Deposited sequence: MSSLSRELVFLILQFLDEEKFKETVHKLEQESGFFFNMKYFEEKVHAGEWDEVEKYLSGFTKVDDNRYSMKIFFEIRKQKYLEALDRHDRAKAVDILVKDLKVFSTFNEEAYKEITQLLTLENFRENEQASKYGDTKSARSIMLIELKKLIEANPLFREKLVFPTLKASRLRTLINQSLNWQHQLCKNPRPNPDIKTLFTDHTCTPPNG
């Protein structure tokens, strides 16, 4: 993808945001991979929207890209697991443990074992190393702090965290410039559409 094409995506990102096409904005961020919206990410983490959190992340990194991303996905999936235990849904917890958390066992067996063991506790805060889990809201917040640090230090995100400074409606301004250019070609000069060049017979 060109540097032109990349800048065009940013212009479109601005336009979509100004038009309040919110889901479209974040899909473009994700699919282009050009910009990671930390504000959006914090919002989805605070809301515990783990499926979207991972889907969004997938546009930027895979679990085994490097140690930062591994810990990012591990922390997220661990929190998802802990929340399942907290609502006393052990069936879902085991599902999470096997589907989502097992990939980390290779990289740390004893950690995966200790997390597995939480399944059999009446309240998983009985484990002194898991006794620091407060409630869901605080747990998400303290983890989000770590997630932000990890993402900001993750080399895969290094030029993707700050939106370019642009004047508002930059794409619309360029479009208007296009229409000026088209009209400037006419003689004798007296707009139907953006779809075809304008003309004055």
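- request: Report the unmodelled segments of the deposited sequence as residue ranges counted from 1.
  value: Unmodelled stretches, in sequence order: 191 to 194, 206 to 209.
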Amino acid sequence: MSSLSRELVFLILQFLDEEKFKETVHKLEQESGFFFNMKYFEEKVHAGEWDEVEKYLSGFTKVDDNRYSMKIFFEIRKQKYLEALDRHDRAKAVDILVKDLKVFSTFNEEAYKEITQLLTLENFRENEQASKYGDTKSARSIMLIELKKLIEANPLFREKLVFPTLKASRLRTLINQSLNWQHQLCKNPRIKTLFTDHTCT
From here on, numbers count along this sequence of modelled residues.
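Q.
Averaging CA B factors per stretch from the PDB record, which one is higher: 22 to 30 or 61 to 69?
A. Of 61 to 69 and 22 to 30, the stretch with the higher C-alpha B-factor average is 61 to 69.
Look over 87 to 95 and 126 to 134 in the entry and identify the one with the greater average Cα temperature factor.
Comparing 87 to 95 with 126 to 134, the higher average CA B-factor belongs to 126 to 134.
> Going by the deposited entry, which of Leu179, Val9, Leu185, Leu16 has the highest CA temperature factor?
Replying inline: It is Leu185.
By the entry's C-alpha temperature factors, tell me which of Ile76, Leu118, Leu101, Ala111 sits highest.
Within the set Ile76, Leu118, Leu101, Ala111, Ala111 shows the top C-alpha B-factor.
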